[PDB]
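Coming up is one lone chain in structure tokens, specifically the form deposited in one PDB entry.
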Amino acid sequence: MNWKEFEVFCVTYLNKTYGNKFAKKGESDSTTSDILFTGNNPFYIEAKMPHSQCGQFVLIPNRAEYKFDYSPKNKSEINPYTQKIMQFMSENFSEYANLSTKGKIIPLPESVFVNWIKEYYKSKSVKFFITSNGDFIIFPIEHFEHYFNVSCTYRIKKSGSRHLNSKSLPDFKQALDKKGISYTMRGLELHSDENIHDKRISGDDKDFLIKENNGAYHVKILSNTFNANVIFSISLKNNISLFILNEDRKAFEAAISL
């Protein structure tokens, strides 16, 4: 299944096992998780597939000072583990200053990255993670290292898309005309009997992406921002201690009962 189906799978399990107290609804944002326990001891639960990413921060190369600057637009504050990563990269500036989409791994002790993850998720009121290796695994953030292997890389990650808007509609219609695609627009919704799912077309310094929705196509404008971020990858361990697993399930059962 994909990650969206996986998150629904996790929420459904929580509600059927522990009662209808686990919300995944409404708007989200990066300062919180996607699943909220709505009891007297509220907290967020992070669902992670066995192979996932697990947080990031943008660093800007300063080629005059030969160091990396923490982006003032990042959404989490510098903690000591952020500082260790930045210090390592800055002391090795030449090796990290040529940004790449392939990325360059950061060979610091895994505990530095685990500690960054713990700090970051604690700061977002994420107290537990849920994953699955065939059975559901729920554990508190303080025991993260017993469940996931962690690595860290610095890579260009292009920023995300935005919905086609009225201001861009003329350029998009003209891009369709240029590409020879037969179409009709109903507001910002695109209609065509051509097979244009995932189609990319460009015009007037905008790269457009076309995706099939219920009965029509939705149009997105892709980004032109190509900054680089430290970003964490996690892989579920094959050898999780059953003793830790059991005490961690009891920790969760305590947390939802306070």
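When you see a residue number, it is the position in the sequence shown, counting from 1. Take the two forms, superpose them, and find the largest set of C-alpha atoms that agree within 1.5 Å; that set is the rigid core. Shifts are known only where both forms have a C-alpha.
- Just going by the entry, 229-237 versus 201-209 on mean CA temperature factor gives the higher value to 201-209.
- Stretches 215-223 and 43-51 differ in mean C-alpha B factor, with the higher average recorded for 215-223.
- In the deposited coordinates, the residue among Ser182, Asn74, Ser151, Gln87 with the greatest CA B-factor is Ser182.
- Out of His163, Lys118, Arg155, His146, the entry records its largest CA B-factor for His163.
- Annotation for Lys127: C-alpha temperature factor in the lowest third relative to the rest of the modelled chain, per the entry.
- Among all modelled residues in its chain, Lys24 ranks in the highest third by Cα B-factor.
- Placement of the Cα temperature factor of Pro170 within the chain: highest third of the modelled residues, per the deposited record.
- When the modelled residues of the chain are ordered by their C-alpha B factor, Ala255 lands in the lowest third.
- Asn133: CA B factor in the highest third of modelled residues in this chain (values from the PDB entry).
This protein has a second form, the form deposited in another entry, left out of what is shown; the following refers to that one.
- Among the candidates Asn195, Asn224, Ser28, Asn41, displacement between this form and the one not shown reaches 2 angstroms at the C-alpha for one position only, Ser28 (superposition on the rigid core).
- Relative to this form, in the other entry the C-alpha atoms of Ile141 and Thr31 separate from one another by 3 angstroms or more.
- Annotation: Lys25/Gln56 CA-CA distance shorter in the other entry than in the displayed model, change of at least 3 Å.
- In sequence order, 25-32 is the sole run of at least 3 consecutive residues whose Cα positions differ by 2 Å or more between this form and the one not shown once the rigid core is superposed.
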